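Below, in structure tokens: the form deposited in one PDB entry, a single chain.
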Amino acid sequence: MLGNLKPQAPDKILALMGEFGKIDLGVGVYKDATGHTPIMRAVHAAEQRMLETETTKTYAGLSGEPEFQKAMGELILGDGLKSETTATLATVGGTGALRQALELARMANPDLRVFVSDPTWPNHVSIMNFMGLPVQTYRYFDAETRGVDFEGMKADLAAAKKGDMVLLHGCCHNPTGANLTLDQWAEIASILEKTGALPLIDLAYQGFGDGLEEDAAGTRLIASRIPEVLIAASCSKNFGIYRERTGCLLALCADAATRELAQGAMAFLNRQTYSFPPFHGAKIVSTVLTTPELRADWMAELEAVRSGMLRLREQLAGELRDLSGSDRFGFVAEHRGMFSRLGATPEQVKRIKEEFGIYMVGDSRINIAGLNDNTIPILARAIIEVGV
């Protein structure tokens, strides 16, 4: 039996995590000045309170806990949360939210295609291939301007037929760092409504872009326009609870009847995959979000992080500038998120890691959070010497 198993290729990001004074600029995890990803204050306070209040660990709810579903929905959709038409499913991280989203959609439409961005988070395509779902890409990144090829994106999306799904990153686009503006989001809304394609929003960095509410702007706009939308959210990054594996899937529907259908289908999906969703991380989130004192502190720490990285971006672009007179490496300061695609060709990347000891994802994706004024100059010279 097991001997017939075909060997499976390594994951882009996770691979370097293993192959890793070395400078780690790979895996999408935030790190403080001392190269450590700390446990957020509000999070630590939440767990302390949990240990004291919980009296049992019995089987809880199949789709998660009501407190979690309600909290997450308000965080993402703000006052646009139409409870009577929204289904919520607690999942094993954002990745699980995506999988469940793909399974739900396929159940409803056995003949669907998925339009993903060029480029996009690698696991998006691996999972789709695994499920056997036909993937279609759409122009998003402009390797020249290092921005978004909006004209090409609209061009490609216009072909989406009713029944197709279009995957968009709610904010802080992994791995490019290039993002759409609110006006651009409104145009996509037009396209989606004209074509009737079901949009699936990957929301894994709410808080790292321009703030909690602003980062959700595009998603709230799509939800206000399109009658049926899917949102897969991850609590890993913005709550700093990566290993807890907590996130959720929101299914926005047109009528209260369809909601019940989807909610049941969602609950069924958990049952056939792993039964109940993990409680610890979800419990942490609901505790932070529902406790005013804890929310305020969380918001503050998250704001501090976002600002820090934004401060690092200026520095990096500045260093490179001094090593170029006055040119092109400014995109770094315009990119919003935790990643930024440089441009270093495949061979250039390997050379940098094997010589300068700095690990960055093959497609030149660098994690700006894992950098500081003591390593920025090193990176600056490292990429300068690697030329082009």
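The numbering used is simple: start at 1 and walk along the sequence shown. Here, rigid core means the biggest group of C-alpha atoms that superpose within 1.5 Å across both forms.
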property	result
Missing from the model but present in the deposited sequence, between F20 and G21	4 to 9
Selected stretch [higher average CA B-factor]: 87-95 or 162-170	162-170
Mean Cα B-factor comparison, 145-153 or 261-269, giving the higher one as deposited	145-153
Criterion, highest CA B-factor; candidates, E47, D322, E54, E67	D322
Chain thirds of CA B-factor: placement of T58	lowest
Third of the chain, ranked by Cα B-factor, where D79 sits	highest
Chain-relative CA temperature factor third for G318	highest
Cα B factor band for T176 (lowest, middle or highest third within the chain)	lowest
Third of chain Cα B-factors occupied by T195	highest
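Just so it is clear, the following notes concern the form deposited in another entry, a form of the same protein that is not shown.
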item	value
Which one of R49, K70, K353, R41, by Cα shift of 2 Å or more between this form and the one not shown, core superposed	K353
Threshold 2 Å Cα movement between this form and the one not shown at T58, rigid core reference	no
Threshold 2 Å Cα movement between this form and the one not shown for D32, core superposed	no
Rigid core fit then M338 CA moved by 2 Å or more between this form and the one not shown	no
